[PDB]
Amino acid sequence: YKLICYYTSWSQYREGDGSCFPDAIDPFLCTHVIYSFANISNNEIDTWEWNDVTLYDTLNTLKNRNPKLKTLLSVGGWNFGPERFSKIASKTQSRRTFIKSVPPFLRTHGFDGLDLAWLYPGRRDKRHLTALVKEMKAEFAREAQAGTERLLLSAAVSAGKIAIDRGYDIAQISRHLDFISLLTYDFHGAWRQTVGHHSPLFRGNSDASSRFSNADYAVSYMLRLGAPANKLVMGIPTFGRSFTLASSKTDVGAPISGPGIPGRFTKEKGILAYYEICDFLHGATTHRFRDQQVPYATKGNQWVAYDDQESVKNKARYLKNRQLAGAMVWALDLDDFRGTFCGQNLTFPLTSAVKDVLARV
């Protein structure tokens, strides 16, 4: 079993305890740590944060205590316009330059692979996403001729039936990728104004519409589409999605005025770190949808959909019963990395839960 953990570059500038550096990562927790978001300039892979080469180096020292630890660098991400990604992939010349630029960079900073986070290829991209993956992978094969270990190549994909059908050739790209990380936590879209869990596990018997909105469907659709189970990794959120209620209606369906107020450390609207949710829970009412088997909480006019140790193991068990290659935890830095906010003196409680379940056969 693989446990693929993302570390976000910008969580270093979080005030107080919110601040997190590669430093705080238990090197025996995950099997793969992905440094999140490199950039691209002059069609070449490149850094993003000033001190990136330091943090790179820091993260890669962990491989000193755990010699089996593998690290990868992700390209793209959320503040990386996909158009920009598009433009580099469609011109075979700008595409070949970017590819050639990748191995030496990874080799210099000590990475073991590349993660591609093109955040959503459009209808016009499918052809090129396939080209990029096919060739990039071909370059990694030729470079291992130098006598060194072959670099890994992974991809972060959307779990929305439409986004998939629209921009991905799943049968084609599964043969070239070492593993595919499914983003099974973007289900209640940014769009609507109605309360709902962003990462429901199941179909929720109390919902006949957009049933293509849960991890369960997303997975069977990907297996159906032709991706093999031993390359599939299911994404597990270590955060919550918040909303400011527009009325005292709390239950399923309730209306919404907009996103919830910022987390005190997180400082971003509509999102909350698990450690922020732990402090939020005090004096909050907790409910759990049994249909989707996921929790949520209200307090004042704040409704929060999130995942706890239980919902998280649950997903991990499922993942095993279907025999996927592993789990992916978005935000090692959004978990209780200090272990000082959520009662128990455990560090990274959420990612531990997953790992605990992934280790019992």
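From 1 onward, residues are counted along the sequence shown.
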{"property": "Mean C-alpha temperature factor, higher of 96-104 and 280-288", "result": "280-288"}
{"property": "110-118 versus 137-145 - which carries the larger mean C-alpha B factor in the record", "result": "137-145"}
{"property": "159, 195, 180, 171, ranked by C-alpha B-factor: the highest one", "result": "195"}
{"property": "Residue selected from 303, 48, 28, 56 by maximal Cα B factor", "result": "48"}
{"property": "Chain-relative CA temperature factor third for residue 235", "result": "lowest"}
{"property": "Cα B factor band for residue 352 (lowest, middle or highest third within the chain)", "result": "lowest"}
{"property": "Chain third (lowest, middle, highest) by recorded CA B-factor, residue given as residue 321", "result": "lowest"}
{"property": "Chain thirds of CA B-factor: placement of residue 314", "result": "lowest"}
{"property": "Third of the chain, ranked by Cα B-factor, where residue 246 sits", "result": "highest"}
